[PDB]
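Enquirer: Fold the stuff below for me.
(3 chains, ligands or ions: 12)
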Amino acid sequence: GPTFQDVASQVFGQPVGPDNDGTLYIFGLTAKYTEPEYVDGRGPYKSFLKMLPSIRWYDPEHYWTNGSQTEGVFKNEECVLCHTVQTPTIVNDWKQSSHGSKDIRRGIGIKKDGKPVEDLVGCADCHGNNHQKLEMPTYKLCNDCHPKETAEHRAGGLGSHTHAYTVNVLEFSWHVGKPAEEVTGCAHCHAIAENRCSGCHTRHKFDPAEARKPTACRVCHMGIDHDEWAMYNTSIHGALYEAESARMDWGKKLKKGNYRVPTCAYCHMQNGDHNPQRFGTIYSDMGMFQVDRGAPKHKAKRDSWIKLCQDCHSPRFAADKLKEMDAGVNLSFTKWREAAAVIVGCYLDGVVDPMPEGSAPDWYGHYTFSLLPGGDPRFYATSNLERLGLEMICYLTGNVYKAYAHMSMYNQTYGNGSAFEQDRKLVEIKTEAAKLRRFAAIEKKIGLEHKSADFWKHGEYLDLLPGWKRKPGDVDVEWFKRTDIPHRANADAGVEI
Amino acid sequence: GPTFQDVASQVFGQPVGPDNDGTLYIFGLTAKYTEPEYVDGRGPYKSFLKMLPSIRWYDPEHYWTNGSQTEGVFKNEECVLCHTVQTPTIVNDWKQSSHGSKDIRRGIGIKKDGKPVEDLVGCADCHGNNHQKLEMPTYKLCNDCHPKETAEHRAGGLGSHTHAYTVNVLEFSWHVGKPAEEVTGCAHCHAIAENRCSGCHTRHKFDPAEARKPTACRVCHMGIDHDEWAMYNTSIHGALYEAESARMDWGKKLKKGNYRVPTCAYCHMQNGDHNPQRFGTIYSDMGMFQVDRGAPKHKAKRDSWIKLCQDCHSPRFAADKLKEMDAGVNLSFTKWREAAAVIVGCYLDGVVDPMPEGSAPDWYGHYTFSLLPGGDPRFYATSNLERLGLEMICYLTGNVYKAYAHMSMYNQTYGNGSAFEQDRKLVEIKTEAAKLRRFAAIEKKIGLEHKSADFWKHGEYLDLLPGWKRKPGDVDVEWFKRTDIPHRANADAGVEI
Amino acid sequence: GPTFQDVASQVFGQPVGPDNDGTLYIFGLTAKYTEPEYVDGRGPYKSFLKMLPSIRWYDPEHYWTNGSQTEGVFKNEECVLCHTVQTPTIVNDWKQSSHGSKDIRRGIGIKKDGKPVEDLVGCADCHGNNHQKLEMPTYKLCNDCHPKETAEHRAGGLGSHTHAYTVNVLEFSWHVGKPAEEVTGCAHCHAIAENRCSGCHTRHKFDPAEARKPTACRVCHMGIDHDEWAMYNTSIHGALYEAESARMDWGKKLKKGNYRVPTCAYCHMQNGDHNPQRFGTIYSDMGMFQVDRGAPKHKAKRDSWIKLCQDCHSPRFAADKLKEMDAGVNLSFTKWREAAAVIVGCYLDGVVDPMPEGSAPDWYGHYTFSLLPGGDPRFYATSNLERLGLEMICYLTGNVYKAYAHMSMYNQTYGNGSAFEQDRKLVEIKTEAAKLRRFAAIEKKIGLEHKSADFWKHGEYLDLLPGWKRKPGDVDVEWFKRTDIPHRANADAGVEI
Ligand code: HEC
Ligand code: HEC
Ligand code: HEC
Ligand code: HEC
Ligand code: HEC
Ligand code: HEC
Ligand code: HEC
Ligand code: HEC
Ligand code: HEC
Ligand code: HEC
Ligand code: HEC
Ligand code: HEC
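Expert: Residues are numbered from 1 along each chain as shown, chains lettered A, B, ... in the order given. Ligands and ions are numbered 1, 2, ... in the order given. Shown next is the structure:
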């Protein structure tokens, strides 16, 4: 029989066709989805995880191959001469870097294989000399000459740059649960943080002064999932950054007394430490887990933060501000616990629409409520009630912590990720629960047997989800057995983590 | 009987009165709406379209009249002497422009009527010498001395600056469908782009260095309708713009090798081309129409973009990034097609509340479903289901394209106009559909004849809409017959377009 | 029986415990809320209002106490020597201020007790000489040497910096209605504006050039409650600020002809006036009250604004722009009045779910509809219908005024706080009303007696609200009797205001 596309075609007078043939499809109505070319993904879900081939740039050790049309073995100077014409800005950047200009070097004492690096570090030194065997580097290259910074970059725990891709892309439910082309940006954002040294001081200038600015962090550290850029920007610190950025001296090292206005790097890469996670009190899954950072057991961490603030403030003032965070965070969890009780209550009474068996299976292949143990908390392919629940804990409750940590008066109270947004979300959740309960009570009284709509279970997008494909023995548990990396507590991990 | 205002008056003790009399109305409850003074609008709907008189500044050829109290015929120097006192910044701007200062001229070779312009171009040269017959210019004036830039500015197709007002204000459903004072900003934003030469390099400095900055575009190129500023700003390019803006040389022409960080103008006004639309692969109604820009038939356009990126990147890298766009866009349309099926399904089963006959007529004067052929897709004066549908296609699906085109990792996936926002909107749409279906099933079983509420059809705002006033013969179809401008495919156009 | 925490504990294997003991609680599920240490709040609700002890910094006259561990009586030079080590940036700021550096003084003629201040104004001059009796100042200190600026800062009416905390924190429903730690940022934002002189030109540099920038206002003047920063930033003025900030001369006094680009301070602190409220036509509760500022009775104010704009524009142009504001504002109230009729209609027909007696009492201790006289308009602890109503009047209708006042073409029409957001909110409100009415009609026909869910009335957060604690005689009406400050028209004020 006719598909949606077939019917649309008959009404609009545009033939059905493949999405990728170049036709301009009116409202995309008569286009058929085609699977892009994929490569196999890595990690514990390698049996079905895919990536677009462009993963070559971000996990080059496992995916990089020669794809150049230019042949020859060249000297550094020859790289520069041709690329001056062919990719001019790369050469301009490099000429303005310490690698390509001795005049701006600071005599740091850089060594390779125990010997001082006194020459230019040219294109060929990083990419190789043979244009048919060019190399696309990771931090492994930089380690040859910058071992201190690399060791620190590799010193973080789960939730740090160190494992952002290897663990928190390849094991993450929201990534593995979706078609590869939908989440390319997830792989790359997290992979840039882990595998590269250019997330903060970009190629090819590699300028530490650039890395000190909030712009070195905010492309990644933003949004409803983790809104720390907005929290910082809407603090007095952030306003002063905007006011002073144009005329302040960004060439000064991150040190006590060198800056009036603190930035992300100042507070988190203290004294140039390339393991920024380590200053945090404790990893809390972005504030979705509740912890009082002002409790006696965390005194050393709290005192360390107070001393950091004391670069520019009374320590009594700083202590008071961090206590406001503790108090505000603890109040915020009362609203989440209210939400959770309402939501789980609906599931236990069997009034959620759809119920889990009425939806597509989750990415484990289970028909399991998303906000119970063993489920997959999410915002997609689930009930409205479960969506709103996820929004409450992740987008709002987590960000209340971020608002307090960064001194955003407005976002603690009124704004995005605030107390008052929590209030409004709680009203939304209760509203959904109330509607569900009223429908169920009416249907019971009149003897109407409600069946959840088929659109909760099947559709052009829902039919693409990996939950449909899951089968016994499709998990690489040897990956989860690894002890050289941490792991996520996934329901199908199959082993101790 | 008493109106809302009358009842409110009796409860609050504030008399009913006209909104425009200067009274401070408590929550605006007892104020009566008054129609502002209008002038007639232009275009195919001129029989009922209105504008506020302030349209004089933006379509001066058709609306400008003398409104000055100052009399005299003056020389350029006299304009300057008096306006130094009367409008100081205009004079300061002009004195800092090439028009008013020979010292900053570049010897471009500007001519008027075949003769070199060697004098100052003063207030009177652009506005006239008689203060009771002052002129308010458009690009027609600038063409006298800058024919190349003007020709390019006038070379675009539908969806470009060239027809932004003449076609895409005067023929646009959302503009013609609303009271004039509600949409003044629409007329002016679109009219500034079309009729003026000051949208990017503002009067009275007319500084190209200003026009090269993203600030020259983002006042217009923003928001949930078309969020390209945010997409750019949340890319690494955008972060580098913020980092480098204060110290970079904006005086350099937009040319390969002159910039490290690309801006809107760099990529879209390539080499100073004043027809920025022409570099686009194809006009797609802001990404609401699906097209694979990586398909064989679009190879020339794709290769041109790759070469643009190659100013600062490997062309293989650029090609991969643009393929990610193609793939991400194609996946995004699966969710829209799901949404559309759910929404139209509800209409075909007769369970939408209100149904079209329960709402105010659309701007054509029809009681027609908004998301069917011949309807008016919209976010106002319609059902919640239809609102959510419009939000899905315009605000979200269109912006997924914008997120990929501009390399915003976060907004492709998590953020505003992203895949995950599409997911959440799809849950909202299914939720509305499910509620509608459950109500209809209950009402059928118990024999309750539901009538949609009167507030869907009538109210103080809804009663102002032009749909109520539409009648046969009220369209100027001669306008649509014009072949010197393109046209929108409006349901009542009455002729071939 | 088991609480939510007890049940969660049994399912997750984490013991129940107090939120403040430092345990990392999985999704905060097994943590019990503990009341933070409070101090008593001031104002008419002092019988139950609380503050966190950190209020010491913001209302120091009533809460400041010695909390230093350092003992001694010191000379100014000694303060500097030690704090160079102990709080370096404070000293660096002070050394770069006129107080601490004669070289940057302008010979203003500053006097204390009728005598010229010719020495440095050091740490001890502002904080005292005894480290166990240090002072935390307000504007009262600054008045000793800057009486003109202080008098103006203290000259505003309700809705100005002058009474931001004393009246609009201590008397405000949303503040007094919530646990103290939830609204700390409210107290501090409003208290910084009232009690300090560092909101715009921050300590310890106290630089007027900093205060002239929009960054001096936007930390407070932002968001869905009052979005003037975004309105300004998305105007051409705001784009030009961003374009010119890095290279423009911010050292010039706010005067006609000194600036190309107007900022908040330029337009509102005209010629350096420290009572910025006074230039407004009339206080309108942030545009929630409707007034036509172009009406004959407001001509003097309108003419004054036109003349301000004429620093850089034709006064005819300016007049037209302010008339667009008047017209756009008046149209916006038609949609609010529609919303209000729908919402109140539902209450009068008894179909709101919950009805007021089904919710927790409001902060007065009443079970009263929030959008009727005597009620408490709010977004929390109320029905979805009432939430949406508050969002319509405060977040949207109020901000339409802000969008027009600040020349944001996009936000007048499409964007945040716009006409089209009003449209969408109106659809949401009608949708809620329609659902409520359909449920009520079904339940009546089948004889089902609906009881609103218990979660509308009780829960871990709702149980903390002050409405439960209210009792006769708990209002300090002597506060409301004061005539030296204005007051809010609270339902339980008990006296004439
Ligand atoms: C040895 C062969 C090197 C390799 C491999 C990499 N870099 Fe390097 N780096 C090298 C030298 C000789 C210098 C100059 C030292 C001096 O005396 O000044 C640098 C400098 C840097 C810097 C600081 C730049 C600045 O302007 O202050 C950075 C941030 C940097 N290098 C980064 C970096 C990265 C990310 C690398 C891997 C891709 C990398 N370097 C490789 C020598 C060598
Ligand atoms: C000092 C004044 C800071 C600046 C500037 C920025 N942040 Fe921050 N951050 C700061 C504190 C005191 C905390 C709480 C840590 C604690 O244990 O008490 C945080 C928190 C974060 C986090 C979460 C870290 C964690 O949970 O362990 C992140 C990811 C973070 N901050 C990032 C971040 C960014 C991107 C910033 C610039 C935009 C930024 N911070 C500014 C202190 C300070
Ligand atoms: C952001 C999180 C960064 C990442 C990821 C990496 N670097 Fe970095 N780097 C960053 C900052 C903010 C600074 C300045 C710090 C300061 O003390 O002011 C730097 C500096 C460097 C340097 C210069 C060191 C010196 O002696 O002057 C080098 C050589 C360097 N960074 C290298 C480097 C490498 C090899 C990285 C990957 C492993 C790397 N950086 C990542 C910010 C960030
Ligand atoms: C008057 C002109 C002052 C001089 C001189 C100094 N300070 Fe100050 N300080 C002043 C005020 C009005 C305030 C209150 C906060 C506000 O913004 O109004 C403060 C605050 C402090 C604080 C606490 C706040 C903090 O950021 O930690 C400290 C620790 C402080 N001041 C110390 C200090 C020192 C060491 C000074 C000399 C170098 C100094 N202040 C000068 C006003 C004035
Ligand atoms: C002839 C009578 C002119 C008319 C009419 C307009 N302009 Fe012009 N323009 C004119 C001259 C003689 C020059 C200087 C040329 C030189 O040799 O440098 C210019 C310059 C400009 C520029 C570039 C300014 C810069 O600083 O680089 C711009 C952007 C410009 N003019 C814009 C412009 C517009 C928008 C006009 C219509 C309103 C317009 N010009 C009229 C001469 C004449
Ligand atoms: C180069 C690095 C770019 C910069 C900087 C900006 N944009 Fe862009 N844009 C770019 C590409 C490769 C595309 C896709 C075009 C294609 O056919 O593949 C776009 C798209 C747009 C569009 C839509 C154009 C169309 O559909 O034909 C608009 C309106 C647009 N971009 C505007 C825009 C603005 C305002 C920017 C600065 C904020 C901006 N772009 C940056 C490339 C680049
Ligand atoms: C934004 C979309 C623009 C509009 C609309 C107009 N101009 Fe423009 N102009 C713009 C930029 C980004 C630049 C610099 C381009 C570059 O190559 O770097 C310019 C430049 C000019 C110039 C100077 C040309 C020269 O030879 O140096 C002129 C004379 C000029 N622009 C005129 C002009 C006119 C007449 C316009 C209306 C028809 C117009 N511009 C619109 C950006 C934009
Ligand atoms: C080591 C210090 C490097 C030197 C010297 C040069 N490049 Fe490089 N480049 C380097 C890294 C680590 C990467 C991977 C991306 C990242 O940010 O980590 C790259 C990338 C490239 C690319 C592809 C990416 C792109 O933007 O197109 C190209 C085409 C490239 N590099 C070329 C290049 C040339 C011509 C150089 C000499 C002028 C050069 N690189 C220097 C590290 C280093
Ligand atoms: C007298 C003992 C003072 C007290 C108390 C405060 N300030 Fe002051 N201030 C004082 C002097 C002698 C000067 C320099 C005057 C001159 O001739 O230039 C100032 C200056 C300022 C300024 C302007 C600074 C500038 O760089 O232009 C500001 C904004 C200022 N002072 C603010 C200020 C505040 C907020 C105070 C209370 C906390 C305060 N001053 C106290 C003398 C005295
Ligand atoms: C001049 C060009 C202005 C700039 C720059 C900013 N604002 Fe403004 N504001 C301006 C006008 C003409 C009005 C309307 C006043 C009237 O009576 O017609 C306003 C309004 C406000 C308000 C409300 C004031 C009131 O209701 O009385 C506020 C709080 C406000 N503006 C603040 C503000 C801020 C924070 C700005 C920078 C971000 C800003 N304004 C810019 C004129 C101008
Ligand atoms: C923002 C709303 C401000 C607040 C609150 C206070 N001040 Fe201010 N101040 C502000 C600006 C924008 C300026 C520059 C104004 C101009 O004309 O350009 C100033 C300036 C001062 C000065 C210098 C006066 C002089 O003669 O040069 C002083 C002494 C000053 N301000 C003091 C002061 C005091 C005592 C305040 C609290 C009562 C105060 N300011 C608050 C902005 C703002
Ligand atoms: C041509 C190159 C011009 C010269 C020389 C001057 N102005 Fe102008 N002005 C010009 C245009 C094309 C416009 C229309 C608006 C637009 O952006 O296209 C204007 C506008 C004005 C206005 C009204 C708008 C306003 O901001 O109030 C006035 C009052 C005005 N111009 C005055 C003026 C004076 C006094 C001049 C000499 C110093 C002057 N203009 C020069 C184009 C040109």
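
Enquirer: residues of the longest helix anywhere in chain A that come out buried?
Expert: Longest helix in chain A, counting residues (DSSP state H): helix A:315-349. By 16 or more other C-beta atoms under 10 Å in any protein chain shown, the buried positions in helix A:315-349 come out as A:315-347. To be clear about C-beta, it is placed using only N, CA and C from the backbone, and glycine gets the same treatment.

Enquirer: Quick check: what element follows it along the chain?
Expert: helix A:384-390 (DSSP states H and E).

Enquirer: For that following helix, name the packing helices and strands.
Expert: If contacts are counted by 3 or more C-beta pairs under 8 Å, 6 or more residues apart in numbering or on different chains; DSSP states H and E, helix A:384-390 sits against helix A:315-349, helix A:419-446, helix B:419-446.

Enquirer: In CSV, list these along with distance to residue C:38.
Expert: Below are the helices and strands packed on helix A:384-390 laid out as CSV (distance: least, C-beta to C-beta, whole Å):
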stretch, distance to residue C:38
helix A:315-349, 10
helix A:419-446, 17
helix B:419-446, 39
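
Enquirer: Out of those helices, flag the one nearest ligand 7.
Expert: Nearest to ligand 7, of all these, is helix B:419-446, at 28.9 Å by C-beta to the nearest ligand atom.

Enquirer: The closest one packs against which elements?
Expert: helix A:384-390, helix A:419-446, helix B:315-349, helix B:384-390, helix B:409-413, helix C:419-446.

Enquirer: Please name whichever of those helices is nearest to ligand 4.
Expert: Here helix A:419-446 is closest among the helices and strands packed on helix B:419-446 (C-beta to the nearest ligand atom), at 24.6 Å.

Enquirer: buried ones in the next helix or strand after the closest one?
Expert: Counting by DSSP H and E, the element after helix A:419-446 in chain order, helix or strand, is helix A:477-481. Residues of helix A:477-481 classed as buried: A:479-480 (neighbour count, 16+ other C-beta under 10 Å).

Enquirer: From ligand 5, how far off is the residue of the stretch 301-450 of chain A found nearest ligand 7?
Expert: Residue nearest to ligand 7 within the stretch 301-450 of chain A (C-beta to the nearest ligand atom): residue A:416, separated by 31.6 Å. Here the distance between residue A:416 and ligand 5 works out to 39 Å (C-beta to the nearest ligand atom, to the nearest Å).

Enquirer: Confirm for me that that residue is in contact with residue A:225.
Expert: No. With contacts counted by C-beta atoms under 8 Å, residue A:416 stays clear of residue A:225, the gap being 11.5 Å.

Enquirer: Specify which residue of these two has the higher count of neighbours.
Expert: residue A:416 (21 against 18; other C-beta atoms under 10 Å in any protein chain shown).

Enquirer: So that one belongs to a helix, correct?
Expert: No. Assessed with DSSP: H, G, I helix; E, B strand; the rest coil, residue A:416 is coil; it does not lie in a helix.

Enquirer: my guess is residue A:80 meets residue A:123, correct?
Expert: Yes. Using C-beta under 8 Å, residue A:80 is in contact with residue A:123, at 6.7 Å.

Enquirer: Looking at the two now, which is surrounded by more residues?
Expert: Taking neighbours as other C-beta under 10 Å, residue A:80 and residue A:123 compare with residue A:123 leading, 25 against 19.

Enquirer: Enumerate every residue touching the more buried one.
Expert: A:76, A:79-80, A:83, A:94 (C-beta atoms under 8 Å, 6 or more residues apart in numbering or on different chains).

Enquirer: Residue A:84 too?
Expert: residue A:91.

Enquirer: SS state for it?
Expert: Residue A:84 ends up helix, using three-state DSSP.

Enquirer: gap between it and residue A:94?
Expert: Distance, residue A:84 to residue A:94, by C-beta to C-beta, to the nearest Å: 10 Å.

Enquirer: Repeat that for residue A:55.
Expert: Noted for residue A:55: a distance of 26 Å to residue A:94, by C-beta to C-beta.

Enquirer: does the residue positioned nearest the centre of chain A count as helix, strand or coil?
Expert: Centroid-nearest residue in chain A, with C-alpha atoms, centre = their mean: residue A:190, separated by 5.5 Å. Here residue A:190 takes the helix state, with states given by three-state DSSP.

Enquirer: Apart from its neighbours in sequence, what residue is nearest it?
Expert: residue A:164 (4.1 Å; C-beta to C-beta, 6 or more residues apart in numbering or on different chains).

Enquirer: Just to check, the one you found is in contact with residue A:186?
Expert: No. Counting by C-beta under 8 Å, residue A:164 does not reach residue A:186; the two are 10.1 Å apart.

Enquirer: Tell me how many other residues crowd the closest residue to residue A:409 other than its chain neighbours.
Expert: Counting by C-beta to C-beta, 6+ apart, the nearest residue to residue A:409 once its immediate chain neighbours are dropped is residue C:185, at 3.8 Å. Look at residue C:185: counted by other C-beta under 10 Å, it has 23 neighbours.
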